[PDB]
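We place every Cβ from the backbone using ideal geometry, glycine too, and count neighbours over all the protein chains shown. Each answer follows from the model by the rule given with it, or from the source it names; these are not laboratory values.
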């Protein structure tokens, strides 16, 4: 009977443990939300343009900045294979020097401009 | 109209002069706001206190040195040239008779309409620990301008590093009718219509929504249509994860 | 009217006319098309993973 | 949370190991900058450093960090190496004399290199096509690097030369680096082609800067390097 | 003594396979011999690892053969072995502590419910339902469909098709075994269609055509056109020819309940859409059976929830409504709480996953 | 222990306001307060100085402007002991101010425990709030309490610390700055309730009600496109894999696209429900 009474006390301590796990579950989501808000504030309006060259490893990449230099950045966890382009113009962080976003296929520049018509008013025939 | 923008640097600066001077309820710390009142957006980028002395026995007795007013405003020009005299701020929860007599002092060196600010260290009730008012005459007529807080990029982010909904909205909304009811009853016995006319304008403007009640329920159903579809998407992941959880259990039995 | 030129419906019994507004629908059910296509594919894919 | 701390980095340049120093340092040439003597990583011995080995140098402390994969990252103008070339000799077929001359020159040493060494004559490393313009040679160009299972490479001498400082040299030398690792490949020389596929009638006034470099690398590749299976 | 009793039962369960549909020994001495090998403390005190070792799944189809034309042959009121069996059956549940009992609790109730289906009163079976309901986690997938089969059949005699609807849905989806998909599924599909007989829908044959043989397709096809078209003459001839199939399945009661549904279903088939329906037009429709019953026929169908109409005896017409409206305020909000209730059954997937 | 600088609420905000003019330019200031080693370190009030033509040097500070200002500290209760001189510089890899050399060596003569503070980011702002300082040591300062053991000192694994232009010496001797903050009960009560996102507060009902409801018609159309691209990814995901092995460098393939169909769905439905509860709440 001594061993049977000891087993009863073991599950009594687990009773408070079950309700305490739910306390950390709702509290961690508050800290997880703060971690997600920190990721969104990294990019912001401050971003530098660079040229992606070749992928190496997850959270690793080799790019070429538009400042004349070349650096090794860390690719985001979102871009891996299907969403990652082999060579395209991409966005980079300034001081932290990390991958940001894949820029749209902009072939225009200041030298040797290419005009593009928008909503032409010329009627056929 | 115009709006008052109080930077967090100014709100926290006025709270420091209260504790360091050991100011009790018998004294109120007075200070000078600095900013640009020319445009419609009034922003205060600087604040400083002054050696003010308050006397409760006579509301017409106040000690203020005009030499420190002009000197400090001139010496702080080296920091930023956008800081001029737009008004002044003072402490204390309430406006006494001594506050009305000191309003005409800074008006000599102030071009546009001066701005008044009341700093409350206790912050008892509702929001807005700092209330802003404008001093203009036709009898002194004070108007409450909307109080907003906007800072620079590094100033707003620096607050988040130091600190590292529906129920509250309903509580303050219910207290709005309780506080308004006491203002009408006390004013009723005080006279025995102009002040109550402004409150009647807001109070008057399924009573008037009966015509839109039919169209409201039709829009609420369309909102539930989107919620019903998104709920099914979340339900498919539960069955997908349940099957995925078995694949892990199948590997534990063989291995 | 059946050609979507004029919008309205007539009355043969009393010889009257009725009002018909130009738009017949907003955009709602277009989201249900994405739901029907999902429940006819992903649901069938769940059994392929289990079996 | 552990990823956020890793995303903060001062940055790291890109360079190649030149030599080994007995002082526990290394001479690495930074491509955007130049040759800088830096420190070898403490977890990486100095014996693993080879010539023209691609490594990673930190920006902040200017020293070796880790050892990445060894490759030369191409700066891409017209020179990007493609994959899965699509062509055949049956599409441009019907010419008996031309096919016999192409096989005995390009394809012959690739399949059987021992025929030239046993006979005593050097295998041809290059050929110049002759004929009227627009004979259909544009389609068979893809089949040259296809049936031979080589790397498809096109070279534009104009886009590799720029008036900017240092931009008219490093681009040309980049072709020589990858040509050794990609050696089972056939290099295509354009902009001089009068054959009519792409016919500019050559350029004698725009090549004055590149003649001091490209002509030296093409001649030194055959003579000094003695690297076979490379068709210019 | 748990191992010693279990070792003897291991040799007993092997014999019970022969006693089930294979080798019946004698129809007299065996039923008395099988009783004395069980009672003497085989279930004991519920010590450890006690389940599935009793008779349980084996004896369902055994004792029903000894009661019919074997030991009794209608020479007595009830089998004395079954009377003692009912004493041992109800004693097993009385001594149960409701701790680890899951599968063994639902199997014994299957006997007292099945007995009331042939000879007995099903009114007392409703009191056992309150005791029968437990979250049984040990019931195998083969018996989960049978546990839902009896619960749906009792509600059919109780004139409730709404409660029996949720049980019969999960019954046809379970029991993948071949023997359960042939004899048990065809008998369960006819009961699933019996729920549609009381509802008034009676859908056509699509999935049920290739799922079962032509034995169950013939009576359902004739009852489909008889109830839809509202013809009592064709409905009567179907009961006579198919009477042999109706008695074994205890579906013979459709001569009253389903016969009343022949008129109720035919109401929605014919077009009442117009408002004032003259008495002569009602007498012509539905052959001559609607001529004798006019005002009383519509009066009960409205309260039962079929249609909504109004009868006028002054001018001799009946004002009818087809139940058609437009969502404005309270109309769309009726299904708002229902669609939320429909998702409540899917809200339990969070704990399952 | 050592001296761990505790930045107050106003001490951090004024440093960004004093160096507000120009990226390349530079200002200075005076830290105040009184404190004792082994814990207490505090800065009561901070104030800037006018920018001179010499930049930051021993002649940069104006004793005339300092004496005229110091007399104003007493009457306002602002008078405290000077604990150091804080500056602002664009910053370098090592020796963030090239014009600042002989200042701190003249500062340590009056008080050896005085420090100097410089705001590092100056347009590099991140949100970890990395701030830099310097303090001279030279001969002495030893035979005392434990400076390094306080916070994450005794370092030099590889060369990596801080900016990694420093290693051992930093400026001089690796003073090992420690930046913390402490506030009173009144200051902590403010920024918690005051600072959230923007100010709609005190009534949330009608402020964003009309703005969100007006765009709800366009939001209903935009959330439909997000669902359209949801199942199309999962459809092509299971169509191309007949193996269930990895040749696909797919180490985690599903969870990324599964979360894109979940978290986005979890984001779009909650904003159409929790906001819908207060979107009417009309009653009478």
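Residues of the stretch F:257-279 that are more than 10 Å from chain B (Cβ to nearest Cβ), surrounded by fewer than 16 Cβ atoms within 10 Å (Cβ to Cβ) and under 15 Å from residue B:237 (Cα atoms): F:263 alone. Restrict the check to the stretch E:339-352 and report whether at least one residue is surrounded by 10 or more Cβ atoms within 10 Å (Cβ to Cβ), farther than 23 Å from residue E:272 by Cα, out of contact with any helix residue (DSSP H, G or I) (no Cβ under 8 Å at 6 or more places or on another chain) and more than 10 Å from every other protein chain (Cβ to nearest Cβ). Yes, there is a match, as at least one residue in the stretch E:339-352 is surrounded by 10 or more Cβ atoms within 10 Å (Cβ to Cβ), farther than 23 Å from residue E:272 by Cα, out of contact with any helix residue (DSSP H, G or I) (no Cβ under 8 Å at 6 or more places or on another chain) and more than 10 Å from every other protein chain (Cβ to nearest Cβ). Being outside any helix (DSSP H, G or I) and loosely packed, with under 14 Cβ neighbours inside 10 Å holds for only one residue in A:63, A:90, A:100, A:45, and it is A:45. The condition (being under 20 Å from the mean Cα position of the chain (by Cα), part of a loop (DSSP other than H, G, I, E, B) and surrounded by fewer than 17 Cβ atoms within 10 Å (Cβ to Cβ)) is satisfied by just one residue among D:161, D:127: D:127.
Picking from residues in the stretch F:62-89 that are surrounded by fewer than 20 Cβ atoms within 10 Å (Cβ to Cβ), closer than 21 Å to residue F:112 by Cβ and in contact with a helix residue (DSSP H, G or I) (Cβ under 9 Å, 6 or more places away or on another chain), the one that is farthest from the other protein chains (Cβ to nearest Cβ) is F:82.
Condition check for residue D:27 on (1) surrounded by fewer than 17 Cβ atoms within 10 Å (Cβ to Cβ); (2) within 14 Å of another protein chain (Cβ to nearest Cβ): one failure, at (2).
Highlighted here would be strands (runs of 3 or more DSSP E) found entirely within the stretch F:78-173 that include at least 1 residues which are under 24 Å from the mean Cα position of the chain (by Cα), more than 25 Å from residue F:39 (Cβ to Cβ) and not assigned by CATH to the domain that holds residue F:22, but there are none.
Condition (residue is touching a strand residue (DSSP E or B) at 6+ places or on another chain (Cβ under 9 Å), away from every other protein chain (no Cβ under 14 Å) and on the phi < 0 side of the Ramachandran plot) applied to the stretch B:69-83: is it met by at least one residue? There is no residue in the stretch B:69-83 that is touching a strand residue (DSSP E or B) at 6+ places or on another chain (Cβ under 9 Å), away from every other protein chain (no Cβ under 14 Å) and on the phi < 0 side of the Ramachandran plot. Taking residues in the stretch A:97-109 that are on the phi > 0 side of the Ramachandran plot, and partners anywhere that are assigned to a loop (DSSP other than H, G, I, E, B), the pairs with Cβ atoms closer than 6 Å and at least 6 places apart or on different chains are A:97/A:71; A:97/D:9; A:97/D:11.
Of all residues in the stretch F:3-32, those being more than 10 Å from chain B (Cβ to nearest Cβ) and part of a loop (DSSP other than H, G, I, E, B) number 8. None of B:146, B:93 is under 23 Å from residue F:198 (Cα atoms) and surrounded by fewer than 16 Cβ atoms within 10 Å (Cβ to Cβ) except B:146. Among the residues of the stretch B:17-56, those identified as touching a helix residue (DSSP H, G or I) at 6+ places or on another chain (Cβ under 9 Å), more than 12 Å from chain F (Cβ to nearest Cβ) and not in a strand (DSSP E or B) are B:28, B:55, B:56.
For the stretch D:41-85, which positions are within 11 Å of chain F (Cβ to nearest Cβ) and not in a strand (DSSP E or B)? So that I can check it myself, show each step before the final result.
Applying the first criterion (within 11 Å of chain F (Cβ to nearest Cβ)) to the stretch D:41-85 yields D:41-43, D:58-65.
Those that are within 11 Å of chain F (Cβ to nearest Cβ) and not in a strand (DSSP E or B): D:41, D:42, D:43, D:59, D:60, D:61, D:62, D:63, D:65.
Listed here are the helices (runs of 4 or more DSSP H) enclosed by the stretch B:150-255 that have at least 3 residues being more than 13 Å from chain F (Cβ to nearest Cβ) and under 30 Å from residue C:35 (Cβ atoms): B:210-254. Residue F:53 falls short of the stated requirement of being exposed (fewer than 13 other Cβ atoms within 10 Å of the Cβ), within 12 Å of another protein chain (Cβ to nearest Cβ), assigned to a loop (DSSP other than H, G, I, E, B) and out of contact with any helix residue (DSSP H, G or I) (no Cβ under 9 Å at 6 or more places or on another chain).
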